[PDB]
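Here's the structure we're looking at; comments come further down.
No Cβ is skipped: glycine too gets one built from the backbone with ideal geometry, and neighbour counts run over all protein chains shown. Laboratory data are not the source of any read-out in this text; all were calculated from the coordinates shown.
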Amino acid sequence: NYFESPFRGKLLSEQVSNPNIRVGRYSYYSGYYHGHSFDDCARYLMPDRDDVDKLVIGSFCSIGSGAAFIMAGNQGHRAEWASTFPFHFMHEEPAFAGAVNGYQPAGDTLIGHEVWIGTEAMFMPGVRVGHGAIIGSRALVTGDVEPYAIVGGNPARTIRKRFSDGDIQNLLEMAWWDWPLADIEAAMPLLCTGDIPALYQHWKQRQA
Amino acid sequence: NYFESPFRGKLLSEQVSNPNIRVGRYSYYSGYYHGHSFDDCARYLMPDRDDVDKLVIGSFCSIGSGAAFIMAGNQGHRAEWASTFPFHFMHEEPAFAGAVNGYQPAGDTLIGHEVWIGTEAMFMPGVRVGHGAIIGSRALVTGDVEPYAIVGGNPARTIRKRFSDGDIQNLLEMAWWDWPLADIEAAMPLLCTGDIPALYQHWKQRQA
Amino acid sequence: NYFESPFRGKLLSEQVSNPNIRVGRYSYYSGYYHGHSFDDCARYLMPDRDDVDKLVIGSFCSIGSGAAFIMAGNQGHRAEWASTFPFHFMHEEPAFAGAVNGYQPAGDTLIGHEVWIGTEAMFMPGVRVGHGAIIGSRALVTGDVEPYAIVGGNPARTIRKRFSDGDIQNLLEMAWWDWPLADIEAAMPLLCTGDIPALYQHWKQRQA
Ligand SMILES: CCNC(=O)CCNC(=O)[C@H](O)C(C)(C)COP(=O)(O)OP(=O)(O)OC[C@H]1O[C@@H](n2cnc3c(N)ncnc32)[C@H](O)[C@@H]1OP(=O)(O)O
Ligand SMILES: CCNC(=O)CCNC(=O)[C@H](O)C(C)(C)COP(=O)(O)OP(=O)(O)OC[C@H]1O[C@@H](n2cnc3c(N)ncnc32)[C@H](O)[C@@H]1OP(=O)(O)O
Ligand SMILES: CCNC(=O)CCNC(=O)[C@H](O)C(C)(C)COP(=O)(O)OP(=O)(O)OC[C@H]1O[C@@H](n2cnc3c(N)ncnc32)[C@H](O)[C@@H]1OP(=O)(O)O
Ligand SMILES: O=C(N[C@H](CO)[C@H](O)c1ccc([N+](=O)[O-])cc1)C(Cl)Cl
Ligand SMILES: O=C(N[C@H](CO)[C@H](O)c1ccc([N+](=O)[O-])cc1)C(Cl)Cl
Ligand SMILES: O=C(N[C@H](CO)[C@H](O)c1ccc([N+](=O)[O-])cc1)C(Cl)Cl
């Protein structure tokens with residue numbers, strides 16, 4: 001097992017290896033219950049091409065065991081053609097030669113900052129998860145998620161948002177995830193409360 | 001790992017081994033992310049009896065990693081009896097001797113032709129998936145699916161059908177999945193479009 | 001593989017090892033399709049502390065392969081604070097020193113008697129499943145379940161109850177799961193039917 005205990009995961013920056021996975025600071029993944037390194041979480045991601053959708057993960061994300069990001073767009077299957085069979089890809093059968101390539105990209109999968117993904121959640125290709133969002137365990141994400149939204153279910157739904165629209169707006173304005181570590185340690189006492197307005201002030205103050 | 005890469009699966013005809021799994025041509029399974037051969041996808045399927053429900057898979061199916069077909073009907077559990085405990089099966093405890101066998105078959109699980117199953121989809125016992133249907137990833141199929149229907153969710157729902165009722169009817173009439181490989185290669189250019197009516201004509205023509 | 005066959009599981013009492021998992025008699029788990037012993041089914045459960053929520057499982061339960069019980073309450077993450085990042089736990093970065101511990105227990109997870117859990121069902125922290133309940137496969141349980149209720153889905157829903165409200169009430173009154181094995185073998189013929197009223201009488205009789 002890549003992990004020594006269920007209670008201690010390892011940084012993304014120290015286990016990612018596919019060049020198409022760009023991870024941010026402090027972000028981590030604890031997958032003892034699935035034994036494999038974060039790399040294998042990005043399914044169907046080619047480390048060999050640069051013409052493909054990439055998995056981008058913000059900073060301070062906490063990724064739960066077994067999470068999975070389905071990549072490679074449609075994988076060559078086209079529901080809108082008469083046949084969803086990847087003829088073009090079965091290069092070993094001649095009959096299927098003239099077969100055209102039905103593959104088509106879906107765009108980078110983006111995971112914002114401070115996103116908490118529950119064990120075994122699965123993201124479809126091309127979705128974009130907003131900052132602070134919380135992805136429920138086993139939630140199957142079929143689309144974009146709003147910042148600070150709480151989703152869950154198959155298909156994933158917004159259960160509610162973490163803070164007030166206004167609070168959210170403030171949180172987005174000060175983007176503490178881009179703050180110099182020194183300021184993070186400074187505002188620390190306030191990061192451990194739900195007093196966004198307090199935190200906002202402390203911010204505005206120091207900015208001076 | 002039974003598979004060498006996430007981007008290349010192997011034919012069903014070349015890995016199936018349980019006598020109760022009947023697979024069609026070109027149908028395949030790509031399960032690098034789950035390491036095991038297709039055989040273990042048919043859960044609780046006995047290769048030793050012939051008095052059991054069988055997993056039948058049509059031709060040109062594309063089965064995603066981790067797919068799973070729950071077999072053995074009710075497995076001896078009966079929700080309608082005073083106790084769902086398989087007394088009859090705990091043959092090691094005498095008290096549970098007179099226990100009657102609550103096992104009961106549910107019927108062959110049938111997967112039509114050209115069915116695209118998403119990674120980690122799970123089918124309950126006895127369901128029948130129609131031709132061309134698309135099974136969303138992680139979708140839990142609790143019942144029959146219509147030809148060309150797109151299902152997904154836990155429990156799985158029809159999101160929509162791939163083509164028009166009429167188009168569908170045409171597609172079912174020419175069953176290109178039973179066409180001689182030679183004709184398949186012939187109509188190939190048209191199989192890579194969504195012009196069912198065009199394809200229908202090309203068919204009717206050649207039939208002459 | 002801890003198991004020799006998909007058709008024969010092993011008692012809980014003979015494989016559990018974490019001191020915080022209290023299992024009842026005859027209860028068992030058949031997880032050949034997931035290879036690991038029941039112990040690893042209780043995720044994030046510390047065998048080293050006694051100040052933590054425990055997984056309690058009643059008697060005569062039939063636990064399906066891959067079932068999973070998410071423990072450790074919130075795991076230190078607090079959706080209601082400005083940041084769901086477990087600062088207090090990243091003890092290797094000084095900036096995050098004053099970080100307060102956001103961990104908070106959710107209470108023992110309780111699985112009543114005669115509960116039939118489907119392969120791959122997942123229970124959230126703190127839920128309490130009532131006696132006789134049936135948990136559908138892949139069902140994600142986000143809350144309490146009623147005795148004799150049938151749930152399923154992500155999130156799990158009650159599909160219906162196994163017996164009549166009255167029948168249920170009778171079943172709860174005679175709690176056959178606490179009956180001396182001798183009486184269990186006696187009423188055996190009636191335990192293999194859906195005649196709760198018959199069973200009730202047979203009970204009342206013998207009680208005399
Ligand atoms: C690292 C591994 N850790 C994990 O995977 C744990 C991550 N935790 C989760 O995903 C949690 O379930 C959540 C944070 C979403 C739960 O938060 P919270 O306690 O606020 O949800 P609640 O318990 O108040 O329930 C609120 C609603 O959310 C729903 N809900 C909770 N978790 C989920 C989930 N994973 N998927 C879908 N719905 C969910 C409940 O069904 C409920 O509403 P209902 O009674 O109308 O059906
Ligand atoms: C071999 C491994 N490959 C795979 O597993 C990939 C298979 N692909 C899938 O299962 C795909 O998600 C689908 C083909 C179903 C998506 O197709 P499509 O793009 O037409 O769905 P859309 O993105 O238009 O969304 C349409 C609806 O389908 C739903 N949907 C998509 N995928 C799923 C799924 N797996 N389960 C349930 N619902 C789904 C969406 O929630 C949406 O409706 P909403 O906004 O009202 O909630
Ligand atoms: C040890 C490994 N064994 C297993 O995992 C098998 C356990 N079996 C299950 O979980 C079964 O699916 C059940 C016992 C729940 C099915 O029982 P039953 O046959 O009475 O359900 P039905 O087939 O009558 O269908 C009734 C409803 O339950 C729903 N249902 C059945 N199984 C599930 C499930 N796992 N999750 C959610 N809903 C479910 C169906 O969708 C259906 O209603 P709908 O047509 O309105 O959508
Ligand atoms: O095995 C094959 N395809 C599967 C998907 O059905 C394989 O996992 C895959 C995934 C992505 C892909 N792509 O998008 O380039 C190609 C093949 C074809 Cl080569 Cl037959
Ligand atoms: O272990 C047992 N049963 C499980 C299901 O609870 C086993 O996986 C199984 C599956 C199917 C079956 N059948 O239908 O013949 C019997 C046992 C009994 Cl032997 Cl205690
Ligand atoms: O790796 C870590 N935490 C994860 C959860 O994000 C680990 O799986 C865990 C689970 C439970 C826990 N607890 O509640 O005591 C602590 C860490 C922190 Cl040490 Cl960075």
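Numbers at a glance
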read-out	value
Residues (without any contact (Cβ under 8 Å) to a residue 60 or more places away in the chain and crowded, with 16+ Cβ neighbours inside 10 Å) located in the range B:47-59	B:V52, B:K54, B:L55, B:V56, B:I57
Which listed residue, of A:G107, A:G126, A:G130, is more than 10 Å from every other protein chain (Cβ to nearest Cβ) and in contact with a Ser or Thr (Cβ under 8 Å, 6 or more places away or on another chain)	A:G126
Some residue of the range B:107-114 being polar (S, T, N, Q), within 16 Å of ligand 5 (Cβ to nearest atom) and in contact with a helix residue (DSSP H, G or I) (Cβ under 8 Å, 6 or more places away or on another chain)	no
Tally, over the range B:175-205, of residues that are in contact with an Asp or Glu (Cβ under 7 Å, 6 or more places away or on another chain), at the interface with another protein chain (Cβ under 8 Å from one of its Cβ atoms) and in a helix (DSSP H, G or I)	1
Residue that is touching a strand residue (DSSP E or B) at 6+ places or on another chain (Cβ under 7 Å), within 11 Å of chain C (Cβ to nearest Cβ) and among the hydrophobic types (A, V, I, L, M, F, W, C), where the choices are B:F69, B:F96, B:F85	B:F85
Boolean, B:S5 is more than 16 Å from ligand 3 (Cβ to nearest atom), in a loop (DSSP other than H, G, I, E, B) and under 13 Å from the mean Cα position of the chain (by Cα)	no
Criterion (more than 30 Å from C:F3 (Cβ to Cβ), in contact (Cβ under 8 Å) with a residue 40 or more places away in the chain and away from ligand 3 (no atom under 16 Å from the Cβ)) met by exactly one of C:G126, C:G73	C:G73
Residue match in the range C:146-155 (condition: more than 30 Å from C:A106 (Cβ to Cβ) and surrounded by 13 or more Cβ atoms within 10 Å (Cβ to Cβ))	no
Residue list for the range B:87-141, filter: within 16 Å of ligand 2 (Cβ to nearest atom) and basic (K, R)	B:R138
Test result for B:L181, surrounded by fewer than 17 Cβ atoms within 10 Å (Cβ to Cβ), in contact (Cβ under 8 Å) with a residue 40 or more places away in the chain and farther than 22 Å from A:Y103 by Cα	no
Of residues in the range A:142-154 being under 18 Å from B:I159 (Cβ atoms) and at the interface with chain C (Cβ under 9 Å from one of its Cβ atoms), the one farthest from ligand 2 (Cβ to nearest atom)	A:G153
Of all residues in the range A:60-90 being under 16 Å from A:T119 (Cβ atoms) and more than 16 Å from ligand 6 (Cβ to nearest atom), the one that is surrounded by the fewest Cβ atoms within 10 Å (Cβ to Cβ)	A:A68
Only one of A:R138, A:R160 that is within 12 Å of chain C (Cβ to nearest Cβ), more than 28 Å from B:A121 (Cβ to Cβ) and in contact with a strand residue (DSSP E or B) (Cβ under 7 Å, 6 or more places away or on another chain)	A:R160
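Rundown of residues vs (1) more than 16 Å from ligand 4 (Cβ to nearest atom); (2) more than 9 Å from every other protein chain (Cβ to nearest Cβ); (3) closer than 20 Å to B:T142 by Cα, yes/no style:
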{"residue": "B:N1", "(1), (2), (3)": "no, yes, no"}
{"residue": "B:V23", "(1), (2), (3)": "no, yes, no"}
{"residue": "B:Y28", "(1), (2), (3)": "no, no, no"}
{"residue": "B:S37", "(1), (2), (3)": "no, yes, no"}
{"residue": "B:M46", "(1), (2), (3)": "yes, no, no"}
{"residue": "B:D51", "(1), (2), (3)": "yes, yes, no"}
{"residue": "B:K54", "(1), (2), (3)": "yes, yes, yes"}
{"residue": "B:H77", "(1), (2), (3)": "yes, no, yes"}
